[PDB]
There are 2 protein chains.
Amino acid sequence: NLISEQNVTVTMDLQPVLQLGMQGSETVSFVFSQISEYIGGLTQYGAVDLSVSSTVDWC
Amino acid sequence: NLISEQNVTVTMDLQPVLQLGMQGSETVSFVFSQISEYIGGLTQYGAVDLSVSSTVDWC
């Protein structure tokens with residue numbers, strides 16, 4: 001079986017892509033100006049929304 | 001038995017023919033331009049193909 005061949009090398013670089021994105025402001029400001037603000041505290045709902053993408057099992 | 005003869009001399013020249021043919025580029029180049037190239041290393045598959053012909057037992 002006389003042959004003539006050409007060889008290629010396939011190099012797959014499986015990088016560990018971990019991508020955590022956020023859809024909120026980087027700076028979260030708490031301004032305490034009222035007495036009710038002090039006594040009851042300040043609450044901001046949904047300040048950050050994290051979307052997660054990952055190659056590997058993550059925590 | 002009276003005769004008349006003509007003599008021809010046959011000279012056998014058994015030369016030791018060794019023939020190693022190659023079907024690859026003479027220059028094999030390794031270019032380490034990326035980090036993964038450094039870390040995982042560079043591999044080139046089937047860079048050289050050696051075809052062998054020989055009169056005598058060879059190594």
# chains A, B, ... in the order shown; residues from 1 in each chain; ligands from 1
call {"tool": "calpha_fit_and_write", "arguments": {"fixed": "chain B", "moving": "chain A", "output": "PDB file with C-alpha atoms, in the first residue's frame"}}
result
ATOM      1  CA  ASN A   1      37.638 -32.508 -29.891  1.00  0.00           C
ATOM      2  CA  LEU A   2      39.136 -29.662 -31.904  1.00  0.00           C
ATOM      3  CA  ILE A   3      37.521 -26.393 -30.807  1.00  0.00           C
ATOM      4  CA  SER A   4      37.640 -22.649 -31.386  1.00  0.00           C
ATOM      5  CA  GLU A   5      36.399 -20.496 -28.524  1.00  0.00           C
ATOM      6  CA  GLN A   6      35.785 -16.870 -27.585  1.00  0.00           C
ATOM      7  CA  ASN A   7      35.821 -15.878 -23.913  1.00  0.00           C
ATOM      8  CA  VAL A   8      33.959 -12.981 -22.301  1.00  0.00           C
ATOM      9  CA  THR A   9      34.508 -11.733 -18.754  1.00  0.00           C
ATOM     10  CA  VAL A  10      31.433 -10.914 -16.665  1.00  0.00           C
ATOM     11  CA  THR A  11      32.287  -8.487 -13.852  1.00  0.00           C
ATOM     12  CA  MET A  12      29.398  -8.034 -11.418  1.00  0.00           C
ATOM     13  CA  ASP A  13      29.924  -5.008  -9.159  1.00  0.00           C
ATOM     14  CA  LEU A  14      27.610  -5.596  -6.189  1.00  0.00           C
ATOM     15  CA  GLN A  15      27.575  -2.150  -4.693  1.00  0.00           C
ATOM     16  CA  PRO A  16      26.030  -1.678  -1.211  1.00  0.00           C
ATOM     17  CA  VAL A  17      23.056   0.475  -2.175  1.00  0.00           C
ATOM     18  CA  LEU A  18      21.482   2.120   0.878  1.00  0.00           C
ATOM     19  CA  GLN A  19      18.677   4.577   0.120  1.00  0.00           C
ATOM     20  CA  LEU A  20      16.871   6.489   2.871  1.00  0.00           C
ATOM     21  CA  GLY A  21      14.346   8.943   1.441  1.00  0.00           C
ATOM     22  CA  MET A  22      12.199  11.447   3.306  1.00  0.00           C
ATOM     23  CA  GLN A  23       8.925  13.138   2.378  1.00  0.00           C
ATOM     24  CA  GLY A  24       9.041  16.144   4.690  1.00  0.00           C
ATOM     25  CA  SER A  25      10.467  19.638   4.810  1.00  0.00           C
ATOM     26  CA  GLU A  26      14.177  19.872   5.564  1.00  0.00           C
ATOM     27  CA  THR A  27      13.623  22.867   7.862  1.00  0.00           C
ATOM     28  CA  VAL A  28      11.307  22.234  10.822  1.00  0.00           C
ATOM     29  CA  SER A  29      10.475  25.497  12.591  1.00  0.00           C
ATOM     30  CA  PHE A  30       9.210  25.772  16.173  1.00  0.00           C
ATOM     31  CA  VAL A  31       7.799  29.249  16.840  1.00  0.00           C
ATOM     32  CA  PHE A  32       6.848  29.917  20.471  1.00  0.00           C
ATOM     33  CA  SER A  33       4.617  32.996  20.459  1.00  0.00           C
ATOM     34  CA  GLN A  34       1.790  32.137  22.884  1.00  0.00           C
ATOM     35  CA  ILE A  35       1.733  31.377  26.601  1.00  0.00           C
ATOM     36  CA  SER A  36      -0.161  28.145  25.928  1.00  0.00           C
ATOM     37  CA  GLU A  37       2.584  27.274  23.440  1.00  0.00           C
ATOM     38  CA  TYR A  38       5.190  27.607  26.197  1.00  0.00           C
ATOM     39  CA  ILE A  39       3.290  25.790  28.952  1.00  0.00           C
ATOM     40  CA  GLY A  40       1.929  22.924  26.858  1.00  0.00           C
ATOM     41  CA  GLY A  41       4.824  22.622  24.423  1.00  0.00           C
ATOM     42  CA  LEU A  42       4.791  22.200  20.658  1.00  0.00           C
ATOM     43  CA  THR A  43       4.022  18.924  18.884  1.00  0.00           C
ATOM     44  CA  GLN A  44       4.201  18.280  15.137  1.00  0.00           C
ATOM     45  CA  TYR A  45       2.809  14.912  14.054  1.00  0.00           C
ATOM     46  CA  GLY A  46       4.427  13.113  11.140  1.00  0.00           C
ATOM     47  CA  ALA A  47       6.992  15.828  10.454  1.00  0.00           C
ATOM     48  CA  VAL A  48       9.200  13.349   8.566  1.00  0.00           C
ATOM     49  CA  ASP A  49       8.266  10.167   6.685  1.00  0.00           C
ATOM     50  CA  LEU A  50      11.269   7.908   6.079  1.00  0.00           C
ATOM     51  CA  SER A  51      11.166   5.309   3.309  1.00  0.00           C
ATOM     52  CA  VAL A  52      13.965   2.747   3.489  1.00  0.00           C
ATOM     53  CA  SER A  53      15.588   0.602   0.806  1.00  0.00           C
ATOM     54  CA  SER A  54      18.711  -1.453   1.371  1.00  0.00           C
ATOM     55  CA  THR A  55      20.792  -4.239  -0.120  1.00  0.00           C
ATOM     56  CA  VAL A  56      22.127  -5.383   3.254  1.00  0.00           C
ATOM     57  CA  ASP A  57      20.549  -5.925   6.648  1.00  0.00           C
ATOM     58  CA  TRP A  58      20.363  -2.522   8.285  1.00  0.00           C
ATOM     59  CA  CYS A  59      19.712  -0.596  11.482  1.00  0.00           C
TER      60      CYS A  59
END
call {"tool": "select_by_dssp", "arguments": {"residues": "chain B", "states": "alpha helix (DSSP H)", "output": "PyMOL selection string"}}
result
chain B and resi 35-40
call {"tool": "write_last_selection", "arguments": {"atoms": "N, CA, C and O atoms", "output": "PDB file, in the first residue's frame"}}
result
ATOM      1  N   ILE B  35       1.440  31.912  25.172  1.00  0.00           N
ATOM      2  CA  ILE B  35       1.694  31.348  26.494  1.00  0.00           C
ATOM      3  C   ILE B  35       1.371  29.860  26.514  1.00  0.00           C
ATOM      4  O   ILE B  35       2.119  29.056  27.085  1.00  0.00           O
ATOM      5  N   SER B  36       0.255  29.467  25.898  1.00  0.00           N
ATOM      6  CA  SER B  36      -0.091  28.051  25.835  1.00  0.00           C
ATOM      7  C   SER B  36       0.958  27.255  25.073  1.00  0.00           C
ATOM      8  O   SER B  36       1.201  26.086  25.392  1.00  0.00           O
ATOM      9  N   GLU B  37       1.593  27.871  24.075  1.00  0.00           N
ATOM     10  CA  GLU B  37       2.681  27.207  23.365  1.00  0.00           C
ATOM     11  C   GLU B  37       3.844  26.915  24.303  1.00  0.00           C
ATOM     12  O   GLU B  37       4.476  25.857  24.213  1.00  0.00           O
ATOM     13  N   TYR B  38       4.146  27.850  25.203  1.00  0.00           N
ATOM     14  CA  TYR B  38       5.211  27.632  26.175  1.00  0.00           C
ATOM     15  C   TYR B  38       4.821  26.561  27.184  1.00  0.00           C
ATOM     16  O   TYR B  38       5.626  25.688  27.524  1.00  0.00           O
ATOM     17  N   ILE B  39       3.582  26.615  27.672  1.00  0.00           N
ATOM     18  CA  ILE B  39       3.192  25.793  28.813  1.00  0.00           C
ATOM     19  C   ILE B  39       2.932  24.357  28.371  1.00  0.00           C
ATOM     20  O   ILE B  39       3.536  23.411  28.888  1.00  0.00           O
ATOM     21  N   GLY B  40       2.030  24.172  27.405  1.00  0.00           N
ATOM     22  CA  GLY B  40       1.720  22.830  26.949  1.00  0.00           C
ATOM     23  C   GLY B  40       2.784  22.246  26.046  1.00  0.00           C
ATOM     24  O   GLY B  40       2.875  21.025  25.896  1.00  0.00           O
TER      25      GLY B  40
END
call {"tool": "select_by_dssp", "arguments": {"residues": "chain B", "states": "strand (DSSP E or B)", "output": "PyMOL selection string"}}
result
chain B and resi 18-22+50-54
call {"tool": "write_last_selection", "arguments": {"atoms": "N, CA, C and O atoms", "output": "mmCIF file, in the first residue's frame"}}
result
data_model
loop_
_atom_site.group_PDB
_atom_site.id
_atom_site.type_symbol
_atom_site.label_atom_id
_atom_site.label_comp_id
_atom_site.auth_asym_id
_atom_site.auth_seq_id
_atom_site.Cartn_x
_atom_site.Cartn_y
_atom_site.Cartn_z
ATOM 1 N N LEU B 18 22.310 1.818 -0.162
ATOM 2 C CA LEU B 18 21.436 2.210 0.933
ATOM 3 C C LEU B 18 20.746 3.504 0.533
ATOM 4 O O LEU B 18 21.410 4.458 0.117
ATOM 5 N N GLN B 19 19.422 3.539 0.648
ATOM 6 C CA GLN B 19 18.630 4.655 0.144
ATOM 7 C C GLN B 19 17.552 4.986 1.162
ATOM 8 O O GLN B 19 16.597 4.222 1.336
ATOM 9 N N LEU B 20 17.704 6.122 1.830
ATOM 10 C CA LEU B 20 16.730 6.611 2.793
ATOM 11 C C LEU B 20 16.066 7.849 2.210
ATOM 12 O O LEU B 20 16.665 8.928 2.194
ATOM 13 N N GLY B 21 14.841 7.689 1.722
ATOM 14 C CA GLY B 21 14.076 8.785 1.165
ATOM 15 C C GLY B 21 13.225 9.417 2.248
ATOM 16 O O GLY B 21 12.807 8.748 3.193
ATOM 17 N N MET B 22 12.976 10.713 2.113
ATOM 18 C CA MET B 22 12.226 11.457 3.109
ATOM 19 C C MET B 22 11.198 12.338 2.417
ATOM 20 O O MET B 22 11.469 12.929 1.369
ATOM 21 N N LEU B 50 10.160 8.529 6.675
ATOM 22 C CA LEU B 50 11.357 7.857 6.193
ATOM 23 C C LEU B 50 10.950 6.585 5.466
ATOM 24 O O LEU B 50 10.342 5.691 6.067
ATOM 25 N N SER B 51 11.280 6.513 4.181
ATOM 26 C CA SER B 51 11.134 5.313 3.375
ATOM 27 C C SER B 51 12.511 4.702 3.167
ATOM 28 O O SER B 51 13.477 5.414 2.877
ATOM 29 N N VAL B 52 12.603 3.385 3.316
ATOM 30 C CA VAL B 52 13.883 2.700 3.442
ATOM 31 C C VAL B 52 14.027 1.683 2.321
ATOM 32 O O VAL B 52 13.101 0.911 2.053
ATOM 33 N N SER B 53 15.190 1.684 1.672
ATOM 34 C CA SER B 53 15.576 0.631 0.747
ATOM 35 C C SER B 53 17.031 0.281 1.011
ATOM 36 O O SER B 53 17.863 1.173 1.190
ATOM 37 N N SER B 54 17.339 -1.011 1.051
ATOM 38 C CA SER B 54 18.694 -1.410 1.399
ATOM 39 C C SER B 54 18.990 -2.798 0.857
ATOM 40 O O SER B 54 18.119 -3.671 0.856
#
